[PDB]
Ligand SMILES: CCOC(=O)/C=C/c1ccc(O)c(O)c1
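One chain comes next, on its own, written as structure tokens: the form deposited without this ligand.
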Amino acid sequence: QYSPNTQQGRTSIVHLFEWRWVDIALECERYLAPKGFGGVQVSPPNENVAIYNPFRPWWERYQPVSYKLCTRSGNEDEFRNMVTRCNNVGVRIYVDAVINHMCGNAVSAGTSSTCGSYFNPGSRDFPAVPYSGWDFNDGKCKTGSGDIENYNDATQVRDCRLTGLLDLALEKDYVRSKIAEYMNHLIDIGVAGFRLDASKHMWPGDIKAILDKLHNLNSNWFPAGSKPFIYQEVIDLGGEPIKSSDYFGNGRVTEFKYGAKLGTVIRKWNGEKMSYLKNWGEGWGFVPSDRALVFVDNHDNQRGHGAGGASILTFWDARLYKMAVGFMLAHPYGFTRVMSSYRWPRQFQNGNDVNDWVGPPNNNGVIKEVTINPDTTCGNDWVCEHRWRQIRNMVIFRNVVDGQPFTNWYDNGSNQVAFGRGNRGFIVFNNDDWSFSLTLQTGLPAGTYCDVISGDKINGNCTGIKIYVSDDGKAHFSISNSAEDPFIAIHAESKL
């Protein structure tokens, strides 16, 4: 479960949210491979309901119709082409597996699906799988509505419909088998692992039973006996009976407390300050590092659709976002996932975004290609956070310091902190409303290092800030609170 199966040295995966297969494949070859990214989490590759009201919202992909690899991102041939091209370049693919449910019970019957498959939610008929009434929890769920109504009852959270979504009877070997058939088809294609959507809504034992039916990774790309990477999405902010710890026997779990807390800290809410990050990790009530999948924001909470609150930092908060991501990437806790999104017309009304449903950039419903600008940014409204110099260099920073311990922590008792990773890297943050100018112990060998936040090491020179480490590991750092990026990061590979 617990190993990403990334190519030794690569320590992060990027969520290319709503990206088409052809675009990801190209991205693997032209960027992800050279820039050292470990892998890519793709949007659900299985056929979903085509929702026209509202117009093709991103969430329509979380409403399965069948397991055919046929979506707005592409067909099976295009999917396999992507997985092959990415794998050949040492970049892995992780599937967002929507296996807890099919579509909303209120969806009209017909062929309004991404591959034209017929389906009848009212009669529990999904002939493309095939699933029937006997494959759903309608008779198992004990709530008066048939939907999840109270999260204090761990049973209904698993047996009832999540927001009306037809709940599959995962206890049945047949259902478990159909899911494994889908997942094994993906594995044999070359996928390295999966994001198990809505795992909180599935019994740990049912997930286990499904996992027991999965093959090992494709032996053409991975060593024999490689088990697929499994990260279960379990939204657990505490306060509820269901604990993500119940799922440790299956693989890793998403640690949503990570981004929720990091956001409150960086935004300085409730008296929170960066100096408190000294004991970041399990010390904050987080799951064990080796069982955590961390991220600042995800596809849900970046638009207020999951959990984390208004504290979640997103690309909209570029400056603070870059700092949060940088902290995350520098800190040894958990396996890191970088978000990559698309811009949408956020329109807040009475405290909520009325356009939180808006799907990816499109022309009449057809997702737009990802275009690359000369400055390496993306066009067509794709944000491409993973391409931002500050984020991309921190992804590399993580690879360079991999395995090194958390050391040489410094803090001013307020919001100016710093720490290193063994003798391979050092990072400094200034989130106070005043300047930071001080000599700190870096733990790095003497020399001149390029700050990878403000610049890059190119042709034996630094394009941005330069840091001079003395013979007794010390270096002077100066960061104004008005600096473009109020943080500096240096490592073994940015040394001149």
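Just so we're on the same page, rigid core means the largest C-alpha set that superposes within 1.5 Å between forms. Numbering starts at 1 and runs along the sequence shown.
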If you average the CA temperature factors as listed in the entry, which stretch comes out higher, 269-277 or 228-236?
269-277
Take the C-alpha B-factors listed in the entry for 305-313 and for 125-133, compute each mean, and give the stretch with the larger one.
305-313
Residue selected from 181, 282, 188, 206 by maximal Cα B factor:
282
Among 350, 399, 199, 250, which carries the highest Cα B-factor?
350
Based on the deposited C-alpha B factors for this chain, I'd like to know if residue 48 is in the lowest, middle or highest third.
middle
C-alpha B factor of residue 60, ranked within the chain: lowest, middle or highest third?
lowest
Residue 477 by Cα B-factor - lowest, middle or highest third of the modelled chain
highest
Assigned third (lowest, middle, highest) for the C-alpha B factor of residue 483
highest
Comparing residue 140 with the other modelled residues of its chain, is its CA B-factor in the lowest, middle or highest third?
highest
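Keep in mind that the form solved in complex with this ligand is missing from the display, and what follows is about it.
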In the entry with it bound, residue 370 touching this ligand (heavy atom, 4.5 Å):
yes
So in the entry with it bound, does any heavy atom of residue 85 sit within 4.5 Å of this ligand?
yes
Residue contact check: residue 414 to this ligand in the entry with it bound, 4.5 Å heavy atom:
no
Is there a non-hydrogen atom of residue 20 within 4.5 angstroms of a non-hydrogen atom of this ligand in the entry with it bound?
yes
Would you kindly say which of 219, 184, 81, 120 lies with a heavy atom within 4.5 Å of this ligand in the entry with it bound?
81
Students should find that, of 113, 244, 340, 336, the residue having a non-hydrogen atom no more than 4.5 angstroms from this ligand in the entry with it bound is 244
Within 4.5 Å of this ligand in the entry with it bound, counting heavy atoms only, one of 398-406, 421-429, 323-331, 285-293 shows up; tell me which.
285-293
What residues in 222-237 sit within 4.5 Å of this ligand in the entry with it bound, counting heavy atoms only?
236
At a threshold of 2 angstroms on the CA positions, core aligned, which residue out of 251, 425, 308, 228 shifts between the shown form and the other one?
308
Residue 363 C-alpha moves between the shown form and the other one by 2 Å or more, core aligned:
yes
When the rigid core is used for the superposition, does residue 373 move between the shown form and the other one (threshold: C-alpha shift of 2 Å or more)?
no
Core aligned, does the CA of residue 110 move at least 2 Å between the shown form and the other one?
yes
Cα-Cα trend for residue 149 and residue 352, given that in the entry with it bound the distance shifts by 3 Å or more:
farther
Given that the distance between the C-alpha atoms of residue 308 and residue 273 changes by 3 Å or more in the entry with it bound, do they end up closer or farther than here?
farther
